[PDB]
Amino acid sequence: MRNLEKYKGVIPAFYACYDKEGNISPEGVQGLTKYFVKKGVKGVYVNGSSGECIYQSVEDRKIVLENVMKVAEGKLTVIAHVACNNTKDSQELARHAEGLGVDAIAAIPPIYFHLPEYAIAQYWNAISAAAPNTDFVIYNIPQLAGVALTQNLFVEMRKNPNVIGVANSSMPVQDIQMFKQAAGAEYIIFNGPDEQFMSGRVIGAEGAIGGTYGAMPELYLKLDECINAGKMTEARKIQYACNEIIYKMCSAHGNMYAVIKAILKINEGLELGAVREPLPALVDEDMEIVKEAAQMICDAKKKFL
């Protein structure tokens, strides 16, 4: 009965867009937003870790979301990741995001220290209470956060009526299946590991949020079309092509998001700036990998679209 159709489809993570001085670029943010509208994705996931949120200030993240919403509002579903190291910064971003009329806010767990489940629930509920009219997505990423969304913690969080589901970036597709089986029809699970897109989708994730989607959004849209059509052979071919490109982008000395920003300059003429330190920048030796990955994306689009 709760309507979650606006979340069903391909929702790329929005990248950090910087100017030449390394500050957030309003023009760069608007340009990348126009790119996502033109590519016909379902939505954008803004100021996630793929958007370098770990490395941004509250003010940086407000400027990014304001500039996304100037272009995207009414055209894309917008999920704003608002978690910060502390609760008060997270509440400030939640209130700001509700003020702009985002569809949902999201939060990773507390990081660095491994906090008990009651403290994790308190953090998410405090963030949710700052945006009390806004859908809330839990982002499960135990490999990086150091704590997991357990089945017991998910039961506790489903007591909050704003919680709509889970963006799952743990590696077991079993976790998707268990969260969806426990929660039932009024919740959505998003597939987080792009390399497993087709496998998380078939086992019950009806949404998909990914850090590599922005490099090749047409391929993930075509993958999703094949899955919805039961064309599993064609879906596998596209998944394998996407994964080969991911492995190529991850083979660079510079960070994978540095590779993606360079690819989008080659393939689209988009200027997204550098990646923020401490993420490592590309070196000269990486430009052959960038060029190869960019061409692999063009070749896969020609093969599959």
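One-based numbering along the sequence shown.
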Subject >> Comparing 117-125 with 179-187, the one whose average Cα B-factor in the PDB entry is higher >> reply: 179-187
Original post:
According to the deposited model, is the average Cα temperature factor higher in 169-177 or in 225-233?
Top reply: 225-233
**OP:** Please work out which residue in 109, 217, 211, 204 has the highest C-alpha B-factor recorded for this crystal structure.
**Re:** 204
**OP:** Using the entry's values, work out which of 78, 130, 141, 164 has the largest Cα B factor.
**Re:** 130
**OP:** Could you say whether, by C-alpha temperature factor, residue 152 belongs to the lowest, middle or highest third of its chain?
**Re:** highest
Subject >> Modelled-residue ranking by C-alpha temperature factor, third containing residue 60 >> reply: middle
Original post:
Can you tell me which third, lowest, middle or highest, the CA B-factor of residue 194 falls into for its chain?
Top reply: lowest
Subject >> B-factor third for the C-alpha atom of residue 87 within its chain >> reply: lowest
**OP:** Place residue 71 in the lowest, middle or highest third of its chain's C-alpha B-factors, as listed in the PDB entry.
**Re:** highest
